[PDB]
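Quick heads-up: it's one chain on its own, the form deposited in one PDB entry, in structure tokens.
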């Protein structure tokens, strides 16, 4: 019923990996002019990708995977892992009366309403769940270790890594929310909404290159642009 000592070590390992990956408390509060906006967005995205790789690397069993499968998982999960980690900050690191200022600031910039509206709908939707930092870290590792990604040769090897993380998360959902027995189903339900961002991001990327905005070599490599 409760988390076994092995599950607690596994959770604590993941949490240590998740905390060692943190963006500045200077860049968060400060979050500007028109052309400087397109430069901050390119730094934000690079920072997400740098943090995502560092985190993934440390996931139990990831280093035992085929080198091509590792690249496919990284490339396939980057957008979804980025939207999930931003939701963690938006709901838990940053207060209610602060997220709204960030929404207005991002809208008044270049970026499309077709991109912003679903982005904040997801943040409000996932925010209602009152998720702990352990729930965000496990859901991020689950999103990354998706066996259904394009170019995955050994799918069962990825499924073997993902299954124990889903087990810990299912237990954490009862222990922290026994009043709402559907909390876990709601968390997995939020992943369907999270998968739509792959299409939205790809649209936003084609507009980025024609509006003559710069891409860093890392962003070009992870998204093929």
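Numbering follows the first chain given and starts at 1. Only the largest set of C-alpha atoms that superpose within 1.5 Å between the two forms is called the rigid core.
According to the record, the deposited sequence contains 4 to 9 residues between residue 31 and residue 32 that were left without coordinates. As listed in the deposited structure, the average C-alpha B-factor of 6 to 14 and of 21 to 29 is greater for 21 to 29. Higher mean CA B-factor, judged across 158 to 166 and 62 to 70 from the recorded values: 62 to 70. The top Cα temperature factor in the record, among 76, 127, 97, 147, falls on 97.
Looking at 47, 180, 56, 196, the one whose CA carries the top B-factor in the deposited record is 180.
Annotation for residue 88: C-alpha temperature factor in the middle third relative to the rest of the modelled chain, per the entry. Per-chain ranking of the deposited C-alpha B factor places residue 121 in the middle third. For residue 131, the recorded CA B-factor ranks within the middle third of the chain. Only modelled residues enter the ranking.
Residue-level temperature factors show residue 186 in the middle third of its chain, judged at the C-alpha atom.
This next part talks about the form deposited in another entry, which is not shown.
For the listed set 99, 132, 146, 125, the sole C-alpha moving 2 Å or more between the shown form and the other one on a rigid core superposition is that of 99. Once both forms are fitted on their rigid core, the CA atom of residue 18 lies less than 2 Å apart between the shown form and the other one. Closer approach of the C-alpha atoms of residue 209 and residue 118, by 3 angstroms or more, is seen in the other form than in the present form.
Relative to this form, in the other form the C-alpha atoms of residue 144 and residue 208 separate from one another by 3 angstroms or more.
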